[PDB]
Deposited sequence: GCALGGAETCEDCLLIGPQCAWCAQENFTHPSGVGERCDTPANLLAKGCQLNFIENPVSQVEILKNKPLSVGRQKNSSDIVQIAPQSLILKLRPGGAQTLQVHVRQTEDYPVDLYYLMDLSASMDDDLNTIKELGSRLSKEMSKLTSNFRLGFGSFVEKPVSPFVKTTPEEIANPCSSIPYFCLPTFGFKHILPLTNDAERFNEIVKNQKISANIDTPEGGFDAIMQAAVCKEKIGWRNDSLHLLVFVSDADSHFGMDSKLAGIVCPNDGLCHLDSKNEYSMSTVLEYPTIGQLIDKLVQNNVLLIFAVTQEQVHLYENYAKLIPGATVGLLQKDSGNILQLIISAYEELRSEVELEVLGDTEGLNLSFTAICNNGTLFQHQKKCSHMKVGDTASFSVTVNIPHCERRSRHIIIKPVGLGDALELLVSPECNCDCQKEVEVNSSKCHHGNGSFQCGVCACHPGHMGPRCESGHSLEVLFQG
């Protein structure tokens, strides 16, 4: 079966199949099933067959119950493994996830402040206190911040007459602040009254085209870890609140902005996005890259007219969800709590790192042994329940470099570090035995019971010369 064309070297033999072996000294085609080689003389001490294997380096048990010390929280087990893979061979890793009872939560409230959100500002004057009071029942470490976005303040997205620049609502008339791209106003804090005060002091802006530039604001909120204030080892909830679709990618080309977004933080001294008029809107692919990299969960709190659009966006974005927002944000508190509860009710696995070219299979097992499903997520689970996962990993061809990979739950920092190292070489390969008597008086090298001939010498034992 595994004695097909080629396979004249131990390394060549190992490559053709995951279950094939090699022989030494024939006490031809040695490449075959190990049992056949034993059947045809190849003794145990001489047969050569490396196999895929796992080495467990860090497997601290999952933490049970509420932990007073953040350093004793363990939500994923194991935490570090070495995976030695034979080419074409698959190994199945068992990964267990459990969410701790008390886990800190960061929530950044990113709000559309175009003219249609004036009523919205009026009904969330005490959201900071109401939200933090309800979150106090669920986590003892809740922090919240605030930011706003309208639009790239350039033509043709805004009126560019002096009067309209100074007050984009001067034509109504109504008091609006000049159009702005993204304003980071309040870093994450536990001071909920501070959140209330800033919201009360906010004034709307305006612009002239319906799609808004919130994707610029999302990018900055996900990347600017220090200025926004995202802390390690906590949930990162970015609540996008708008009643309009979003500009993306090369929409900015209408304004003469043709330099792609760079996914870097560009908050200036005023904590305003300085590249608003310089870089294109981010693309969905760019947002996905930085939201995953920064472990940010996106919540689209949008009105009825926009739900279907943002739900389609959320299908592409890992961990993203959508909530139906009233025209005045009257129900934003309920949306946030529902989203958080749904998150604490799910466990979705995420594989990051050098995974291109790898074959992965996921089988999710929840409700201890009762349920098996071919997904990477377990749902409808109470906090404290454990979700197991069978992660099968296979490398198609042999490689040289090892792969650094991370398996972690979506939204949580607890990560399983996985190093995938190839094993497509034979132990016998290391014993060169150069210029051996077994290859016609030093005309070749005896490697694994076979002669590797020197240049200018052809034959099984290098007995004829070119």
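- Numbering the deposited sequence from 1, one finds several regions with no C-alpha coordinates, namely 28-34, 474-481.
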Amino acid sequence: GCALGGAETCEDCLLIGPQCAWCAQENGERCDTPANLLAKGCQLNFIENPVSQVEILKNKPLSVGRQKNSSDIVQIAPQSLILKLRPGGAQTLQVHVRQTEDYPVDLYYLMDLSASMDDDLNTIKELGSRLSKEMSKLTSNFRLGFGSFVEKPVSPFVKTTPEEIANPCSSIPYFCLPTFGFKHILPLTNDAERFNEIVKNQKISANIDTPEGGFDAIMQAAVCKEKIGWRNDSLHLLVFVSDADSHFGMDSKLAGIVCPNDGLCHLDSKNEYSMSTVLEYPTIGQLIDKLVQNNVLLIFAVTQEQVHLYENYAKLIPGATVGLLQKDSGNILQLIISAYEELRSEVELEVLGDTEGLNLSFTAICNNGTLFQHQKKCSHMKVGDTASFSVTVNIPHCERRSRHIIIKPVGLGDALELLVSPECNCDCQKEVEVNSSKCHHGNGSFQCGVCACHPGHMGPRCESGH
From here on, numbers count along this sequence of modelled residues.
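- Of the two segments, 191-199 and 235-243, the one listed with the higher mean B-factor is 191-199 (C-alpha atoms only).
- Comparing the deposited coordinates for 303-311 and 360-368, the stretch with the larger average C-alpha B-factor is 360-368.
- Based on the entry's C-alpha B-factors, the most elevated value among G319, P211, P87, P260 belongs to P87.
- Ranked by C-alpha B-factor against the other modelled residues of its chain, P396 falls in the highest third.
- Ranked within its chain, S129 lands in the middle third, by CA B factor from the PDB record.
- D72: CA B factor lies in the highest third for its chain, per the PDB record.
- Among all modelled residues in its chain, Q220 ranks in the lowest third by Cα B-factor.
- Among the modelled residues of the chain, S338 sits in the lowest third by CA temperature factor in this PDB entry.
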